[PDB]
file structure_30.cif (mmCIF, N, CA and C atoms and all ligand atoms)
data_final
loop_
_atom_site.label_atom_id
_atom_site.label_comp_id
_atom_site.auth_asym_id
_atom_site.auth_seq_id
_atom_site.Cartn_x
_atom_site.Cartn_y
_atom_site.Cartn_z
N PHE A 1203 -10.65 -34.83 -1.93
CA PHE A 1203 -11.01 -33.48 -2.31
C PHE A 1203 -11.18 -32.65 -1.06
N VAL A 1204 -10.72 -31.41 -1.11
CA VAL A 1204 -10.87 -30.48 0.00
C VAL A 1204 -11.73 -29.32 -0.47
N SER A 1205 -12.70 -28.95 0.35
CA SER A 1205 -13.63 -27.90 -0.02
C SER A 1205 -14.02 -27.12 1.22
N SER A 1206 -14.43 -25.87 1.00
CA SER A 1206 -14.97 -25.10 2.11
C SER A 1206 -16.20 -25.81 2.65
N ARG A 1207 -16.28 -25.89 3.97
CA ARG A 1207 -17.46 -26.51 4.56
C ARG A 1207 -18.71 -25.72 4.20
N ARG A 1208 -18.62 -24.40 4.23
CA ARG A 1208 -19.77 -23.57 3.88
C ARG A 1208 -20.10 -23.69 2.40
N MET A 1209 -19.09 -23.62 1.54
CA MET A 1209 -19.30 -23.64 0.11
C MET A 1209 -18.57 -24.81 -0.51
N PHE A 1210 -19.30 -25.62 -1.27
CA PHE A 1210 -18.68 -26.77 -1.90
C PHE A 1210 -17.72 -26.28 -2.97
N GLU A 1211 -16.44 -26.28 -2.64
CA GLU A 1211 -15.38 -25.88 -3.56
C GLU A 1211 -14.35 -26.99 -3.56
N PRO A 1212 -14.65 -28.11 -4.22
CA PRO A 1212 -13.74 -29.26 -4.17
C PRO A 1212 -12.37 -28.89 -4.70
N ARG A 1213 -11.34 -29.45 -4.07
CA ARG A 1213 -9.98 -29.07 -4.42
C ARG A 1213 -9.04 -30.19 -4.01
N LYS A 1214 -7.90 -30.27 -4.69
CA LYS A 1214 -6.92 -31.28 -4.34
C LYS A 1214 -6.20 -30.90 -3.05
N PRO A 1215 -5.75 -31.89 -2.30
CA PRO A 1215 -5.07 -31.61 -1.03
C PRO A 1215 -3.69 -31.03 -1.26
N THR A 1216 -3.14 -30.49 -0.19
CA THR A 1216 -1.83 -29.86 -0.21
C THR A 1216 -1.03 -30.31 1.00
N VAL A 1217 0.28 -30.44 0.82
CA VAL A 1217 1.15 -30.83 1.93
C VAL A 1217 1.12 -29.76 3.01
N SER A 1218 1.20 -28.49 2.62
CA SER A 1218 1.12 -27.41 3.60
C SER A 1218 -0.25 -27.34 4.25
N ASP A 1219 -1.26 -27.88 3.59
CA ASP A 1219 -2.61 -27.85 4.13
C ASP A 1219 -2.78 -28.77 5.33
N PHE A 1220 -1.79 -29.61 5.62
CA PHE A 1220 -1.90 -30.59 6.68
C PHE A 1220 -0.91 -30.32 7.80
N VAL A 1221 -1.20 -30.95 8.92
CA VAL A 1221 -0.37 -30.89 10.11
C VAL A 1221 -0.18 -32.30 10.64
N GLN A 1222 1.01 -32.57 11.15
CA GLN A 1222 1.27 -33.85 11.78
C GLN A 1222 0.64 -33.88 13.17
N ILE A 1223 0.28 -35.07 13.60
CA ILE A 1223 -0.41 -35.29 14.86
C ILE A 1223 0.31 -36.39 15.60
N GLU A 1224 0.46 -36.21 16.91
CA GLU A 1224 1.26 -37.12 17.71
C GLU A 1224 0.71 -38.54 17.68
N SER A 1225 -0.61 -38.69 17.75
CA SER A 1225 -1.23 -40.00 17.88
C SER A 1225 -2.22 -40.22 16.76
N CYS A 1226 -2.12 -41.38 16.11
CA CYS A 1226 -3.16 -41.79 15.17
C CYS A 1226 -4.39 -42.26 15.94
N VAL A 1227 -5.52 -42.28 15.25
CA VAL A 1227 -6.76 -42.79 15.81
C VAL A 1227 -7.38 -43.75 14.81
N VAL A 1228 -8.38 -44.49 15.28
CA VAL A 1228 -9.00 -45.54 14.48
C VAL A 1228 -9.69 -44.97 13.25
N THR A 1229 -10.00 -43.68 13.25
CA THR A 1229 -10.72 -43.07 12.15
C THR A 1229 -9.81 -42.51 11.06
N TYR A 1230 -8.50 -42.58 11.24
CA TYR A 1230 -7.58 -42.13 10.20
C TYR A 1230 -7.45 -43.17 9.10
N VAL A 1231 -7.59 -42.73 7.86
CA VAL A 1231 -7.47 -43.64 6.74
C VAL A 1231 -6.05 -44.17 6.68
N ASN A 1232 -5.93 -45.48 6.54
CA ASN A 1232 -4.62 -46.10 6.44
C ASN A 1232 -3.95 -45.66 5.16
N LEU A 1233 -2.65 -45.43 5.23
CA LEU A 1233 -1.95 -44.94 4.07
C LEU A 1233 -0.51 -45.43 4.16
N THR A 1234 0.17 -45.45 3.02
CA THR A 1234 1.53 -45.94 2.94
C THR A 1234 2.43 -44.91 2.27
N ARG A 1235 3.72 -45.23 2.24
CA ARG A 1235 4.71 -44.35 1.64
C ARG A 1235 4.34 -44.02 0.20
N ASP A 1236 4.02 -45.04 -0.58
CA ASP A 1236 3.70 -44.84 -1.99
C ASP A 1236 2.35 -44.15 -2.15
N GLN A 1237 1.39 -44.48 -1.30
CA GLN A 1237 0.05 -43.95 -1.47
C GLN A 1237 -0.01 -42.46 -1.19
N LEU A 1238 0.84 -41.96 -0.31
CA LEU A 1238 0.71 -40.57 0.10
C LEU A 1238 0.86 -39.61 -1.07
N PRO A 1239 1.86 -39.75 -1.95
CA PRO A 1239 1.88 -38.90 -3.14
C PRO A 1239 0.64 -39.06 -4.00
N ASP A 1240 0.05 -40.25 -4.02
CA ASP A 1240 -1.18 -40.46 -4.77
C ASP A 1240 -2.31 -39.61 -4.20
N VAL A 1241 -2.44 -39.60 -2.87
CA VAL A 1241 -3.41 -38.71 -2.24
C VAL A 1241 -2.93 -37.27 -2.33
N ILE A 1242 -1.65 -37.04 -2.07
CA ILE A 1242 -1.09 -35.70 -2.07
C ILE A 1242 -0.08 -35.57 -3.20
N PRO A 1243 -0.47 -35.00 -4.34
CA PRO A 1243 0.50 -34.82 -5.43
C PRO A 1243 1.65 -33.92 -5.03
N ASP A 1244 1.48 -33.17 -3.95
CA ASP A 1244 2.46 -32.22 -3.45
C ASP A 1244 3.53 -32.87 -2.59
N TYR A 1245 3.45 -34.18 -2.37
CA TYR A 1245 4.39 -34.82 -1.46
C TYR A 1245 5.81 -34.79 -1.99
N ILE A 1246 6.76 -34.70 -1.07
CA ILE A 1246 8.18 -34.74 -1.37
C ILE A 1246 8.80 -35.94 -0.68
N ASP A 1247 9.37 -36.86 -1.46
CA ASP A 1247 10.06 -38.04 -0.95
C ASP A 1247 11.56 -37.75 -0.89
N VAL A 1248 12.02 -37.30 0.28
CA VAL A 1248 13.44 -37.00 0.43
C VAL A 1248 14.27 -38.26 0.26
N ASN A 1249 13.77 -39.40 0.75
CA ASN A 1249 14.52 -40.64 0.67
C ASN A 1249 14.80 -41.02 -0.77
N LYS A 1250 13.79 -40.93 -1.62
CA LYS A 1250 13.96 -41.31 -3.02
C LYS A 1250 14.76 -40.26 -3.77
N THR A 1251 14.52 -38.98 -3.49
CA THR A 1251 15.28 -37.95 -4.19
C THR A 1251 16.75 -38.06 -3.85
N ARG A 1252 17.06 -38.51 -2.63
CA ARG A 1252 18.45 -38.70 -2.25
C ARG A 1252 19.01 -39.97 -2.88
N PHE B 1203 5.50 -9.36 -3.20
CA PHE B 1203 5.33 -9.29 -1.77
C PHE B 1203 3.88 -9.54 -1.43
N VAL B 1204 3.69 -10.15 -0.28
CA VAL B 1204 2.37 -10.37 0.28
C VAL B 1204 2.25 -9.50 1.51
N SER B 1205 1.11 -8.85 1.64
CA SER B 1205 0.87 -7.99 2.79
C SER B 1205 -0.57 -8.16 3.21
N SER B 1206 -0.87 -7.67 4.40
CA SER B 1206 -2.23 -7.76 4.89
C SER B 1206 -3.18 -7.08 3.92
N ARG B 1207 -4.34 -7.69 3.73
CA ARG B 1207 -5.41 -6.99 3.05
C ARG B 1207 -5.80 -5.76 3.84
N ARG B 1208 -5.78 -5.87 5.17
CA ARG B 1208 -6.15 -4.74 6.01
C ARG B 1208 -5.14 -3.61 5.91
N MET B 1209 -3.86 -3.93 5.91
CA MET B 1209 -2.85 -2.89 6.01
C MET B 1209 -1.55 -3.36 5.38
N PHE B 1210 -0.55 -2.50 5.47
CA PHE B 1210 0.69 -2.65 4.73
C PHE B 1210 1.75 -3.32 5.59
N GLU B 1211 1.93 -4.61 5.40
CA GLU B 1211 3.06 -5.35 5.97
C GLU B 1211 3.58 -6.29 4.91
N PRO B 1212 4.42 -5.79 4.01
CA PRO B 1212 4.89 -6.62 2.89
C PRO B 1212 6.02 -7.54 3.29
N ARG B 1213 6.03 -8.71 2.66
CA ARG B 1213 7.16 -9.61 2.75
C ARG B 1213 7.08 -10.57 1.58
N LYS B 1214 8.18 -11.27 1.35
CA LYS B 1214 8.21 -12.21 0.26
C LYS B 1214 7.19 -13.32 0.48
N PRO B 1215 6.54 -13.78 -0.57
CA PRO B 1215 5.57 -14.86 -0.44
C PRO B 1215 6.27 -16.21 -0.31
N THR B 1216 5.48 -17.21 0.07
CA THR B 1216 5.96 -18.57 0.24
C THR B 1216 5.01 -19.52 -0.45
N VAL B 1217 5.57 -20.58 -1.04
CA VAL B 1217 4.75 -21.62 -1.65
C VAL B 1217 3.75 -22.14 -0.64
N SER B 1218 4.10 -22.11 0.64
CA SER B 1218 3.20 -22.53 1.69
C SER B 1218 1.95 -21.67 1.76
N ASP B 1219 2.01 -20.45 1.23
CA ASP B 1219 0.86 -19.56 1.21
C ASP B 1219 0.02 -19.73 -0.04
N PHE B 1220 0.41 -20.62 -0.95
CA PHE B 1220 -0.28 -20.79 -2.22
C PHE B 1220 -0.97 -22.13 -2.30
N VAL B 1221 -1.80 -22.26 -3.33
CA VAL B 1221 -2.64 -23.44 -3.51
C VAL B 1221 -2.98 -23.56 -4.98
N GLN B 1222 -3.23 -24.80 -5.41
CA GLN B 1222 -3.60 -25.06 -6.79
C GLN B 1222 -5.04 -24.63 -7.03
N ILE B 1223 -5.33 -24.30 -8.27
CA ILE B 1223 -6.66 -23.87 -8.68
C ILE B 1223 -7.00 -24.54 -9.99
N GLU B 1224 -8.24 -25.02 -10.10
CA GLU B 1224 -8.64 -25.78 -11.27
C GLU B 1224 -8.55 -24.94 -12.54
N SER B 1225 -9.03 -23.70 -12.49
CA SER B 1225 -9.21 -22.89 -13.69
C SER B 1225 -8.31 -21.67 -13.65
N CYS B 1226 -7.49 -21.51 -14.68
CA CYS B 1226 -6.80 -20.25 -14.89
C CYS B 1226 -7.77 -19.22 -15.43
N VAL B 1227 -7.42 -17.95 -15.23
CA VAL B 1227 -8.14 -16.84 -15.83
C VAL B 1227 -7.13 -15.86 -16.39
N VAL B 1228 -7.58 -15.06 -17.35
CA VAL B 1228 -6.70 -14.14 -18.05
C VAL B 1228 -6.13 -13.11 -17.09
N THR B 1229 -6.76 -12.91 -15.94
CA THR B 1229 -6.20 -12.02 -14.94
C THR B 1229 -4.93 -12.58 -14.33
N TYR B 1230 -4.75 -13.90 -14.38
CA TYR B 1230 -3.59 -14.48 -13.73
C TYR B 1230 -2.33 -14.17 -14.51
N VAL B 1231 -1.25 -14.01 -13.78
CA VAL B 1231 0.02 -13.66 -14.41
C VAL B 1231 0.60 -14.89 -15.08
N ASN B 1232 0.95 -14.75 -16.35
CA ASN B 1232 1.69 -15.79 -17.04
C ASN B 1232 3.01 -16.02 -16.33
N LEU B 1233 3.40 -17.28 -16.20
CA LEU B 1233 4.64 -17.53 -15.49
C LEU B 1233 5.28 -18.80 -16.03
N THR B 1234 6.58 -18.91 -15.79
CA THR B 1234 7.35 -20.07 -16.18
C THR B 1234 7.94 -20.72 -14.95
N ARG B 1235 8.34 -21.98 -15.11
CA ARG B 1235 8.84 -22.73 -13.96
C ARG B 1235 10.11 -22.13 -13.41
N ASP B 1236 11.01 -21.69 -14.29
CA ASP B 1236 12.22 -21.03 -13.79
C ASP B 1236 11.89 -19.72 -13.09
N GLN B 1237 10.75 -19.12 -13.40
CA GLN B 1237 10.34 -17.92 -12.69
C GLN B 1237 9.79 -18.23 -11.31
N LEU B 1238 9.38 -19.47 -11.07
CA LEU B 1238 8.87 -19.82 -9.75
C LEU B 1238 9.91 -19.58 -8.66
N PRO B 1239 11.16 -20.03 -8.78
CA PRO B 1239 12.16 -19.61 -7.79
C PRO B 1239 12.34 -18.12 -7.79
N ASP B 1240 12.21 -17.49 -8.96
CA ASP B 1240 12.29 -16.05 -9.03
C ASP B 1240 11.12 -15.41 -8.30
N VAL B 1241 9.91 -15.87 -8.59
CA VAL B 1241 8.73 -15.32 -7.92
C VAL B 1241 8.75 -15.69 -6.44
N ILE B 1242 8.96 -16.97 -6.15
CA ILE B 1242 8.95 -17.46 -4.78
C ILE B 1242 10.35 -17.96 -4.45
N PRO B 1243 11.05 -17.34 -3.51
CA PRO B 1243 12.32 -17.90 -3.06
C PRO B 1243 12.16 -19.27 -2.45
N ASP B 1244 10.94 -19.61 -2.04
CA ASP B 1244 10.65 -20.86 -1.36
C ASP B 1244 10.26 -21.99 -2.30
N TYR B 1245 10.14 -21.72 -3.59
CA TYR B 1245 9.82 -22.79 -4.53
C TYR B 1245 11.03 -23.69 -4.75
N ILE B 1246 10.75 -24.97 -5.01
CA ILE B 1246 11.77 -25.95 -5.34
C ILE B 1246 11.37 -26.68 -6.61
N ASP B 1247 12.26 -26.70 -7.60
CA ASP B 1247 12.04 -27.45 -8.83
C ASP B 1247 12.50 -28.88 -8.59
N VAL B 1248 11.54 -29.77 -8.32
CA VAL B 1248 11.88 -31.12 -7.90
C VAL B 1248 12.50 -31.91 -9.04
N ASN B 1249 12.01 -31.71 -10.27
CA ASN B 1249 12.47 -32.51 -11.39
C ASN B 1249 13.95 -32.27 -11.68
N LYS B 1250 14.36 -31.00 -11.71
CA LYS B 1250 15.77 -30.71 -11.98
C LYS B 1250 16.65 -31.18 -10.84
N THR B 1251 16.18 -31.06 -9.60
CA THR B 1251 16.95 -31.55 -8.47
C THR B 1251 17.16 -33.05 -8.57
N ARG B 1252 16.11 -33.77 -8.97
CA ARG B 1252 16.25 -35.18 -9.27
C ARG B 1252 17.23 -35.40 -10.41
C1 LIG A 1301 -6.41 -47.73 9.91
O1 LIG A 1301 -5.53 -48.27 10.88
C2 LIG A 1301 -6.07 -48.38 12.20
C3 LIG A 1301 -4.96 -48.95 13.05
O2 LIG A 1301 -5.09 -50.36 13.15
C4 LIG A 1301 -4.07 -51.05 12.41
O3 LIG A 1301 -4.13 -50.80 11.01
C5 LIG A 1301 -5.27 -51.34 10.29
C6 LIG A 1301 -5.02 -51.07 8.82
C7 LIG A 1301 -5.52 -52.81 10.59
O4 LIG A 1301 -4.47 -53.58 10.06
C8 LIG A 1301 -5.59 -53.00 12.09
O5 LIG A 1301 -5.78 -54.39 12.34
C9 LIG A 1301 -4.29 -52.53 12.72
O6 LIG A 1301 -4.30 -52.78 14.11
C10 LIG A 1301 -7.31 -49.27 12.18
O7 LIG A 1301 -7.87 -49.42 13.48
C11 LIG A 1301 -8.08 -50.84 13.64
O8 LIG A 1301 -9.47 -51.17 13.56
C12 LIG A 1301 -9.73 -52.58 13.65
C13 LIG A 1301 -11.20 -52.78 13.43
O9 LIG A 1301 -11.70 -53.87 14.20
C14 LIG A 1301 -9.25 -53.10 15.01
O10 LIG A 1301 -9.45 -54.51 15.06
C15 LIG A 1301 -7.78 -52.78 15.21
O11 LIG A 1301 -7.38 -53.15 16.52
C16 LIG A 1301 -7.53 -51.29 15.00
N1 LIG A 1301 -6.11 -51.00 15.10
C17 LIG A 1301 -5.54 -50.46 16.18
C18 LIG A 1301 -6.46 -50.17 17.33
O12 LIG A 1301 -4.34 -50.23 16.24
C19 LIG A 1301 -8.32 -48.72 11.19
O13 LIG A 1301 -9.45 -49.58 11.10
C20 LIG A 1301 -7.68 -48.59 9.82
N2 LIG A 1301 -8.62 -48.07 8.84
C21 LIG A 1301 -9.22 -46.87 8.93
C22 LIG A 1301 -10.15 -46.53 7.81
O14 LIG A 1301 -9.02 -46.11 9.87
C1 LIG A 1302 -1.49 -15.56 -20.09
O1 LIG A 1302 -1.74 -16.59 -21.05
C2 LIG A 1302 -3.12 -16.70 -21.43
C3 LIG A 1302 -3.21 -17.86 -22.38
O2 LIG A 1302 -2.68 -17.53 -23.66
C4 LIG A 1302 -3.59 -15.39 -22.07
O3 LIG A 1302 -5.00 -15.50 -22.26
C5 LIG A 1302 -5.35 -14.98 -23.55
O4 LIG A 1302 -5.68 -13.59 -23.46
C6 LIG A 1302 -6.05 -13.01 -24.72
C7 LIG A 1302 -6.28 -11.54 -24.46
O5 LIG A 1302 -7.50 -11.10 -25.03
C8 LIG A 1302 -7.28 -13.71 -25.28
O6 LIG A 1302 -7.58 -13.18 -26.57
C9 LIG A 1302 -7.02 -15.21 -25.39
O7 LIG A 1302 -8.21 -15.88 -25.78
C10 LIG A 1302 -6.55 -15.76 -24.05
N1 LIG A 1302 -6.24 -17.18 -24.16
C11 LIG A 1302 -6.66 -18.09 -23.28
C12 LIG A 1302 -7.48 -17.58 -22.14
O8 LIG A 1302 -6.38 -19.28 -23.40
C13 LIG A 1302 -3.32 -14.21 -21.14
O9 LIG A 1302 -3.62 -12.99 -21.80
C14 LIG A 1302 -1.86 -14.21 -20.70
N2 LIG A 1302 -1.61 -13.11 -19.78
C15 LIG A 1302 -2.22 -12.99 -18.59
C16 LIG A 1302 -1.83 -11.79 -17.78
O10 LIG A 1302 -3.04 -13.81 -18.19
#

call {"tool": "encode", "arguments": {"input": "structure_30.cif", "output": "structure tokens"}}
result
Amino acid sequence: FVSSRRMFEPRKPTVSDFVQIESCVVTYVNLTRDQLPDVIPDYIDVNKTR
Amino acid sequence: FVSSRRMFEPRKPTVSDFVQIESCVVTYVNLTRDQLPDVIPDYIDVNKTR
């Protein structure tokens, strides 16, 4: 869930809401190809659509 | 078109500028999926593409 830090406004995540980062860190939740759409309903699997 | 709240700089909107919302309200514009490409040139109908 994503919410304003000031105001609790829980919300589902968005693909555009995120940015890629060069390096992972130990605090990043582990995730897989299949899991990412589960976390992000907005995900687009180009490999599968192709 | 989307433009600054402060001033007038209109341009076509992008799905990247939008977000899901839990609750619809009667103020919201009724819309159809085929209108999404019409409303947003940046929308993609994933199901039909599949
Ligand atoms: C998320 O992943 C990082 C990266 O570690 C790898 O992936 C993990 C799922 C696990 O298989 C690690 O053994 C892999 O090395 C995790 O960071 C690891 O943390 C453990 C804790 O002791 C450490 O032994 C590993 O060396 C770390 N991995 C590194 C440094 O590459 C992390 O714990 C995973 N989970 C979360 C919630 O971030
Ligand atoms: C969009 O669709 C909704 C759902 O039908 C419309 O909401 C209705 O509005 C009328 C107007 O008084 C109410 O009587 C109904 O109770 C509403 N139904 C709901 C909220 O489920 C809405 O008018 C349509 N148009 C717009 C611009 O939202």

call {"tool": "residues_around", "arguments": {"input": "structure_30.cif", "residues": "residue A:1204", "least_positions_apart": "5", "cutoff": "12 Å", "atoms": "only C-alpha atoms", "output": "JSON, numbers by chain"}}
result
{"A": [1209, 1210, 1211, 1212, 1213, 1214, 1215, 1216, 1219, 1220, 1241, 1242], "B": [1221, 1222, 1223]}

call {"tool": "calpha_fit_and_write", "arguments": {"input": "structure_30.cif", "fixed": "chain A", "moving": "chain B", "output": "CSV table (one decimal) with N, CA and C atoms, in the frame of the given file"}}
result
chain,number,residue,atom,x,y,z
B,1203,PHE,N,-10.1,-34.6,-2.3
B,1203,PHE,CA,-10.3,-33.2,-2.5
B,1203,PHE,C,-10.7,-32.5,-1.2
B,1204,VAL,N,-10.2,-31.3,-1.1
B,1204,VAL,CA,-10.5,-30.4,0.1
B,1204,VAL,C,-11.5,-29.3,-0.4
B,1205,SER,N,-12.5,-29.1,0.4
B,1205,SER,CA,-13.5,-28.0,0.0
B,1205,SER,C,-13.9,-27.3,1.3
B,1206,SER,N,-14.5,-26.2,1.1
B,1206,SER,CA,-15.0,-25.4,2.3
B,1206,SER,C,-15.9,-26.3,3.2
B,1207,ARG,N,-15.7,-26.1,4.5
B,1207,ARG,CA,-16.7,-26.7,5.4
B,1207,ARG,C,-18.0,-26.0,5.1
B,1208,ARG,N,-18.0,-24.7,4.8
B,1208,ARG,CA,-19.2,-24.0,4.6
B,1208,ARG,C,-19.9,-24.5,3.3
B,1209,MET,N,-19.2,-24.7,2.2
B,1209,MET,CA,-19.8,-25.0,1.0
B,1209,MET,C,-18.8,-25.8,0.1
B,1210,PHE,N,-19.3,-26.0,-1.1
B,1210,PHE,CA,-18.7,-27.0,-2.0
B,1210,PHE,C,-17.7,-26.2,-3.0
B,1211,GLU,N,-16.4,-26.3,-2.7
B,1211,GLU,CA,-15.4,-25.8,-3.6
B,1211,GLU,C,-14.3,-26.8,-3.5
B,1212,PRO,N,-14.4,-27.9,-4.2
B,1212,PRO,CA,-13.3,-29.0,-4.1
B,1212,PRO,C,-12.1,-28.7,-4.9
B,1213,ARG,N,-11.0,-29.1,-4.4
B,1213,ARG,CA,-9.7,-29.1,-5.2
B,1213,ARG,C,-8.8,-30.1,-4.5
B,1214,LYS,N,-7.7,-30.4,-5.2
B,1214,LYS,CA,-6.8,-31.3,-4.6
B,1214,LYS,C,-6.1,-30.7,-3.4
B,1215,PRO,N,-5.8,-31.6,-2.4
B,1215,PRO,CA,-5.2,-31.1,-1.2
B,1215,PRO,C,-3.7,-30.9,-1.4
B,1216,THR,N,-3.1,-30.2,-0.5
B,1216,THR,CA,-1.6,-29.9,-0.5
B,1216,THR,C,-1.0,-30.2,0.9
B,1217,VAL,N,0.2,-30.8,0.8
B,1217,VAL,CA,0.9,-31.0,2.1
B,1217,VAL,C,1.0,-29.8,2.9
B,1218,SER,N,1.0,-28.6,2.3
B,1218,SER,CA,1.0,-27.3,3.0
B,1218,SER,C,-0.3,-27.1,3.8
B,1219,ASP,N,-1.4,-27.9,3.5
B,1219,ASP,CA,-2.6,-27.8,4.2
B,1219,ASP,C,-2.6,-28.8,5.4
B,1220,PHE,N,-1.6,-29.6,5.5
B,1220,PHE,CA,-1.6,-30.7,6.5
B,1220,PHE,C,-0.6,-30.4,7.6
B,1221,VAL,N,-0.7,-31.2,8.7
B,1221,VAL,CA,0.1,-31.0,9.9
B,1221,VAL,C,0.2,-32.4,10.6
B,1222,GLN,N,1.3,-32.5,11.3
B,1222,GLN,CA,1.5,-33.8,12.1
B,1222,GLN,C,0.6,-33.8,13.3
B,1223,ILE,N,0.3,-35.0,13.8
B,1223,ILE,CA,-0.5,-35.1,14.9
B,1223,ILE,C,0.1,-36.2,15.8
B,1224,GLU,N,0.1,-36.0,17.1
B,1224,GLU,CA,0.7,-36.9,18.0
B,1224,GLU,C,0.1,-38.3,18.0
B,1225,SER,N,-1.3,-38.4,18.0
B,1225,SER,CA,-2.0,-39.6,18.2
B,1225,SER,C,-2.8,-40.0,16.9
B,1226,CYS,N,-2.6,-41.1,16.4
B,1226,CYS,CA,-3.5,-41.7,15.4
B,1226,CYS,C,-4.8,-42.2,16.1
B,1227,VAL,N,-5.8,-42.2,15.3
B,1227,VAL,CA,-7.1,-42.8,15.7
B,1227,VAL,C,-7.6,-43.7,14.6
B,1228,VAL,N,-8.4,-44.7,15.0
B,1228,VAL,CA,-8.9,-45.7,14.1
B,1228,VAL,C,-9.7,-45.0,13.0
B,1229,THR,N,-10.2,-43.8,13.2
B,1229,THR,CA,-10.9,-43.1,12.2
B,1229,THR,C,-10.0,-42.7,11.0
B,1230,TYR,N,-8.7,-42.6,11.3
B,1230,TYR,CA,-7.8,-42.1,10.3
B,1230,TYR,C,-7.6,-43.2,9.2
B,1231,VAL,N,-7.4,-42.7,8.0
B,1231,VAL,CA,-7.2,-43.6,6.9
B,1231,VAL,C,-5.8,-44.2,6.9
B,1232,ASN,N,-5.7,-45.5,6.9
B,1232,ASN,CA,-4.5,-46.2,6.7
B,1232,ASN,C,-3.8,-45.7,5.4
B,1233,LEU,N,-2.5,-45.5,5.4
B,1233,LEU,CA,-1.9,-45.0,4.2
B,1233,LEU,C,-0.5,-45.5,4.2
B,1234,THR,N,0.1,-45.5,3.0
B,1234,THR,CA,1.5,-45.8,2.8
B,1234,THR,C,2.2,-44.7,2.1
B,1235,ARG,N,3.5,-44.7,2.2
B,1235,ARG,CA,4.3,-43.6,1.7
B,1235,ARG,C,4.2,-43.4,0.2
B,1236,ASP,N,4.1,-44.5,-0.5
B,1236,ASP,CA,3.9,-44.4,-2.0
B,1236,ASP,C,2.5,-43.8,-2.3
B,1237,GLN,N,1.6,-44.0,-1.3
B,1237,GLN,CA,0.3,-43.4,-1.5
B,1237,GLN,C,0.3,-41.9,-1.3
B,1238,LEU,N,1.3,-41.4,-0.5
B,1238,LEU,CA,1.3,-40.0,-0.3
B,1238,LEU,C,1.4,-39.2,-1.6
B,1239,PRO,N,2.2,-39.5,-2.5
B,1239,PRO,CA,2.1,-38.8,-3.8
B,1239,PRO,C,0.8,-39.0,-4.5
B,1240,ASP,N,0.3,-40.2,-4.3
B,1240,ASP,CA,-1.0,-40.6,-4.8
B,1240,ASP,C,-2.1,-39.7,-4.1
B,1241,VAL,N,-2.1,-39.7,-2.8
B,1241,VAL,CA,-3.1,-38.9,-2.1
B,1241,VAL,C,-2.8,-37.4,-2.4
B,1242,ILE,N,-1.6,-36.9,-2.2
B,1242,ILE,CA,-1.2,-35.5,-2.4
B,1242,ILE,C,-0.3,-35.4,-3.6
B,1243,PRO,N,-0.7,-34.8,-4.6
B,1243,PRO,CA,0.3,-34.5,-5.7
B,1243,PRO,C,1.4,-33.7,-5.3
B,1244,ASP,N,1.3,-33.0,-4.1
B,1244,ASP,CA,2.3,-32.1,-3.6
B,1244,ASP,C,3.3,-32.7,-2.7
B,1245,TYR,N,3.1,-34.0,-2.3
B,1245,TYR,CA,4.0,-34.7,-1.5
B,1245,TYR,C,5.3,-35.0,-2.2
B,1246,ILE,N,6.4,-35.0,-1.5
B,1246,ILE,CA,7.7,-35.4,-2.0
B,1246,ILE,C,8.4,-36.4,-1.1
B,1247,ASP,N,8.8,-37.5,-1.6
B,1247,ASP,CA,9.5,-38.6,-0.9
B,1247,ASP,C,11.0,-38.2,-0.9
B,1248,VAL,N,11.4,-37.6,0.2
B,1248,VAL,CA,12.8,-37.1,0.2
B,1248,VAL,C,13.8,-38.2,0.2
B,1249,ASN,N,13.5,-39.3,0.9
B,1249,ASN,CA,14.5,-40.3,1.0
B,1249,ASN,C,14.9,-41.0,-0.3
B,1250,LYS,N,13.8,-41.3,-1.1
B,1250,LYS,CA,14.1,-41.9,-2.4
B,1250,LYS,C,14.7,-40.9,-3.4
B,1251,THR,N,14.4,-39.6,-3.3
B,1251,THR,CA,15.0,-38.6,-4.1
B,1251,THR,C,16.5,-38.5,-3.8
B,1252,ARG,N,16.8,-38.5,-2.5
B,1252,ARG,CA,18.2,-38.6,-2.1
B,1252,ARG,C,18.8,-39.9,-2.6

call {"tool": "closest_atom_pairs", "arguments": {"input": "structure_30.cif", "of": "chain A", "to": "ligand LIG 1301 (chain A)", "cutoff": "5 Å", "atoms": "only N, CA and C atoms and all ligand atoms", "output": "Markdown table"}}
result
| residue | atom | partner | partner_atom | distance |
| --- | --- | --- | --- | --- |
| A:1228 | C | A:LIG1301 | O14 | 3.6 |
| A:1229 | C | A:LIG1301 | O14 | 3.9 |
| A:1230 | C | A:LIG1301 | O14 | 3.4 |
| A:1231 | CA | A:LIG1301 | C22 | 4.1 |
| A:1232 | N | A:LIG1301 | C1 | 4.1 |

call {"tool": "select_by_dssp", "arguments": {"input": "structure_30.cif", "residues": "chain A", "states": "helix (DSSP H, G or I)", "output": "VMD selection string"}}
result
chain A and resid 1237 to 1241 1248 to 1251

call {"tool": "closest_residue", "arguments": {"input": "structure_30.cif", "among": "B:1247, B:1218, B:1227, B:1238", "to": "ligand LIG 1302 (chain A)", "atoms": "only C-alpha atoms and all ligand atoms"}}
result
B:1227

call {"tool": "atom_distance", "arguments": {"input": "structure_30.cif", "atom1": "atom CA of residue B:1251", "atom2": "atom CA of residue A:1240"}}
result
20.5 Å

call {"tool": "atom_distance", "arguments": {"input": "structure_30.cif", "atom1": "atom CA of residue B:1224", "atom2": "atom CA of residue A:1235"}}
result
26.3 Å

call {"tool": "atom_distance", "arguments": {"input": "structure_30.cif", "atom1": "atom CA of residue B:1203", "atom2": "atom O10 of ligand LIG 1302 (chain A)"}}
result
19.0 Å

call {"tool": "axis_aligned_box", "arguments": {"input": "structure_30.cif", "around": "stretch 1221-1236 of chain A", "padding_each_side": "3 Å", "output": "AutoDock Vina command-line options"}}
result
--center_x -3.0 --center_y -38.5 --center_z 7.9 --size_x 21.4 --size_y 21.2 --size_z 26.0
